[PDB]
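Shown next, in structure tokens, is the structure this report addresses.
One-based numbering along the sequence shown. Every heavy atom of this structure was used, including side-chain atoms; hydrogens, water molecules and symmetry mates were not.
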Amino acid sequence: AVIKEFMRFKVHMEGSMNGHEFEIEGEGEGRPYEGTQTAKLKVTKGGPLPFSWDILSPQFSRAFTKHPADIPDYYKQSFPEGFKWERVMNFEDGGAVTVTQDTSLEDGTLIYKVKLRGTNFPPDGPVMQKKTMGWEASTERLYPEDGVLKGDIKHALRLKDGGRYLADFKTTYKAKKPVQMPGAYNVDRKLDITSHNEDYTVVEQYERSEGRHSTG
């Protein structure tokens with residue numbers, strides 16, 4: 001009930017990549033039951049970022065997934081209190097990122113707080129040289145356990161020279177109160193950087209997310 005057909009959110013991120021500290025502030029909006037959302041992010045410290053924006057784009061919104069009638073929505077049910085998540089991203093060349101997030105609701109506006117720590121990226125690799133070109137469309141496989149959801153994604157970044165740069169995401173999503181738990185299911189996503197200024201200190205992105213059953 002508390003999640004309306006149109007919702008806004010604000011996000012703050014603090015992080016470091018290979019020891020380089022930075023912060024991001026942003027705002028977004030979307031249609032939580034249609035599974036669509038947009039956001040505009042601004043670098044507020046440590047810019048211009050000496051690494052690909054693609055590392056950060058997936059950390060900016062789980063209340064905005066479309067679900068079929070028979071898969072209960074773990075994220076929407078957790079409100080007004082909300083939920084947390086913790087994520088590990090691991091890349092084929094050894095880069096590793098840990099991300100924690102808190103999602104809360106203040107006066108009808110979603111509030112996101114993100115912390116990120118990335119390490120072991122080769123200083124001449126595609127992430128630190130800003131040679132990626134966004135995330136390909138992905139599927140996250142989720143399953144329930146002790147009142148939380150655990151997700152895994154086998155994922156690929158596009159490379160400027162034409163290749164693919166592989167990554168694995170493992171995330172645990174935890175509601176701040178008990179909710180009715182779904183079965184295992186999948187979420188299909190596509191996230192796009194839709195505009196950016198010259199040095200990627202202002203960036204806009206768009207995501208479409210839809211849940212479905214797995215057939216096996």
Legend entry - With sequence neighbours excluded, residues passing ring-ring contact (aromatic ring centres under 6.0 Å, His included) with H12: none
Legend entry - Any pair counted as salt bridge (charged side-chain N to carboxylate O under 4.0 Å, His left out), so long as it reaches residues 204-216, sequence neighbours left out: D188-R212, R189-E207, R208-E210
Inset, instruction - Using modelled atom types only, decide if a donor and an acceptor are shared between the side chain of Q77 and the backbone of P72 within a distance under 3.5 Å. - result: no
Legend entry - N18 side chain to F121 backbone, donor-acceptor under 3.5 Å: yes
Legend entry - Aromatic contact, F60 with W53 (centres under 6.0 Å): yes
Inset, instruction - Locate the shortest heavy-atom distance separating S52 from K130; write the atom from each residue and the value. - result: N-CG, 3.8 Å
Legend entry - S138 versus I153, closest heavy-atom pair with distance: CB-CG2, 3.9 Å
Inset, instruction - Write down the atom of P144, the atom of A184, and the distance for their closest heavy-atom approach. - result: CD-N, 3.8 Å
Legend entry - Pairwise salt bridge (charged side-chain N to carboxylate O under 4.0 Å, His left out) hits with a residue in residues 47-65, at least two apart: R62-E140
Legend entry - Contacts of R164 that satisfy salt bridge (charged side-chain N to carboxylate O under 4.0 Å, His left out) - sequence neighbours left out: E136
Legend entry - Exceeds 12 heavy-atom contacts within 6.0 angstrom, atom CE of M133: no
Legend entry - With sequence neighbours excluded, residues passing ring-ring contact (aromatic ring centres under 6.0 Å, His included) with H155: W135, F169
Inset, instruction - Kindly indicate whether the side chain of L116, heavy atoms from C-beta on, has any atom under 4.5 Å from the side chain of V97. - result: yes
Inset, instruction - Output the distance between atom CG (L166) and atom CD (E92), rounded to the nearest 0.5 Å. - result: 4.5 Å
Legend entry - Summary of salt bridge (charged side-chain N to carboxylate O under 4.0 Å, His left out) pairs that have at least one residue in residues 3-25, sequence neighbours excluded: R8-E29
Legend entry - Derivation of the side chain to side chain donor-acceptor pair (under 3.5 Å) call for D192 and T194: CA-CA 6 Å; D192 290 317; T194 56; over 6 Å; no
Inset, instruction - Measure the acute angle between the ring planes of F83 and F79, then classify it against the limits of 30° and 60° as parallel, tilted or perpendicular. - result: perpendicular
Inset, instruction - Write down the atom of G151, the atom of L142, and the distance for their closest heavy-atom approach. - result: CA-CD2, 3.7 Å
Legend entry - salt bridge (charged side-chain N to carboxylate O under 4.0 Å, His left out) against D73, all qualifying residues, sequence neighbours excluded: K76
Inset, instruction - Under the salt bridge (charged side-chain N to carboxylate O under 4.0 Å, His left out) rule, collect the residues that match up with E81, sequence neighbours excluded. - result: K177
Inset, instruction - Calculate, to the nearest 0.5 Å, the distance between atoms CD and OG1 belonging to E34 and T65 respectively. - result: 12.5 Å
Legend entry - Residue pairs fulfilling ring-ring contact (aromatic ring centres under 6.0 Å, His included) with at least one residue in residues 29-48, sequence neighbours excluded: none
Legend entry - Exam field: side chain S214 to backbone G216, donor-acceptor pair closer than 3.5 Å: yes
Legend entry - Side-chain (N197) to main-chain (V202) donor-acceptor, under 3.5 angstrom: yes
Legend entry - With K154 via salt bridge (charged side-chain N to carboxylate O under 4.0 Å, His left out) - residues at least two apart: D152
Inset, instruction - Check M128 against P123 and note the closest heavy-atom contact, atom names and distance. - result: CB-O, 3.8 Å
Legend entry - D93 vs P126 side-chain heavy atoms within contact, under 4.5 Å: yes
Inset, instruction - Indicate yes or no for a side-chain donor-acceptor contact from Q59 to the backbone of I55 under 3.5 Å, with no hydrogens or angles considered. - result: yes
Legend entry - Short side-chain to backbone donor-acceptor contact, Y173 and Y75, under 3.5 Å: no
Acceptor/donor pairs from residues 102-114 side chains to any protein atom, 3.5 angstrom cut, sequence neighbours excluded:
| residue | atom | partner | partner atom | Å |
| --- | --- | --- | --- | --- |
| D102 | OD1 | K84 | NZ | 2.6 |
| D102 | OD1 | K176 | NZ | 2.9 |
| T103 | OG1 | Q101 | OE1 | 2.7 |
| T103 | OG1 | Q101 | NE2 | 2.7 |
| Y112 | OH | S61 | OG | 2.6 |

Legend entry - Those residues that, when tested against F64, pass ring-ring contact (aromatic ring centres under 6.0 Å, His included) (two or more places apart): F9
Legend entry - Minimal non-hydrogen separation, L41 against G26, with atom names: CD1-CA, 3.7 Å
Inset, instruction - For residues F22 and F51, establish whether the separation of their ring centroids is below 6.0 Å. - result: yes
Inset, instruction - Starting at NZ of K150, measure out to OG1 of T171 and round the result to the nearest 0.5 Å. - result: 12.0 Å
Legend entry - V148 side chain near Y74 side chain, heavy-atom distance below 4.5 Å: yes
